[PDB]
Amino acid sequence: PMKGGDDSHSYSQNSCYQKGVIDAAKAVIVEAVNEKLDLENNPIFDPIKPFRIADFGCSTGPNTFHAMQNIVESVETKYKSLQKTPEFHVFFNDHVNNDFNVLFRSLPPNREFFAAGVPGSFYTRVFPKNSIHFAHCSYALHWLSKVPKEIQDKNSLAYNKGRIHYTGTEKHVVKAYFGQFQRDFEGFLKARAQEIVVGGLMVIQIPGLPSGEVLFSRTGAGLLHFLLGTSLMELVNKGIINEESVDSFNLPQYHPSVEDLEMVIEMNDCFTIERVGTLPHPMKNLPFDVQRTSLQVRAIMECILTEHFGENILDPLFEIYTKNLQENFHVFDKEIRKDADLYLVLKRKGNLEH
């Protein structure tokens, strides 16, 4: 998970990039509710029973509370156009060692929904069948369930020596990450298909590839990852860590294209794609912020870098990292495509529509 607590070094504080992905997403949520949530004359959405919303990969706030409020307000508005007012039951899902204490203690005091936290991997079932009316998953599905094992094997064609992720040219490494993404995302869709009612909606926001692009190393995320790797190799060359510690390190992430997502969705065959698109990030016009970015990377990578290297490594690594961001300021400010956030609006198919 992300860094816990509500420190200045936490994810409650250094998650503002994902907040703007939520803010321009509000229009995706509002539009999906108004155009595609079939409340009227539909007993699936009977307002005498609760309207159940789930956020998958909710972290610790505040972003999850803004997304949940958006869903609640849109859905409540559509129901009031039919002179109905349901109770809302909102579920916050994340890994078991997500900091749910911090989430619960941050729950908005004036909230008009019932709340629960749901611990467990969303690559598994975490809800009873046929119980979720609106599902939400923002900036979480690029995290794989594991590093694909063959890139950790020295004897494999896919061994990822000297790097910590993929850039898109290493054909064996990229194939391995994609195979892992297919298996993970398929398992996510399998579990969600069982939990989500017929006609229920699922909104997904995920770091991805802009369409047509082959090279992950030409998005922001790809260069940031490439530069985390070279920064670690700088620690190697100073001798502060050994080469083997980096050769054995890999990020468990895959950033899919639209095509990648559609292929898995269509093979799963349980959801119809109602809309797919890119999210124009609000901080698009702003000047590239070398330091703020360094601290957003650290807030994301702290747990996993600390698990593999010492937490000793964080301060000297990210002061090398900031130097490489500054040296690549031009690329990040001007030359990398400023639209790599994809979104999907899915609708659970009826049982006679498969």
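The first residue of the sequence shown is number 1, and the count goes up from there.
Looking at mean Cα B-factors across 322-330 and 43-51, the upper value is held by 322-330. Between 276-284 and 201-209, it is 276-284 that carries the larger average Cα temperature factor according to the deposited entry.
In this structure the maximum Cα B-factor among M301, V290, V30, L37 is found at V290. Looking only at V102, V214, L141, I71, the residue with the top Cα B factor in the deposited structure is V214. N237: CA B factor lies in the highest third for its chain, per the PDB record. Looking at the C-alpha B-factors along this chain, the one for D94 belongs to the lowest third. Sorting the modelled residues of the chain by their CA temperature factor places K149 in the middle third. When all modelled residues of the chain are sorted by CA temperature factor, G222 is found within the middle third. In the deposited entry, the Cα temperature factor of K190 sits in the bottom third of values across the chain's modelled residues.
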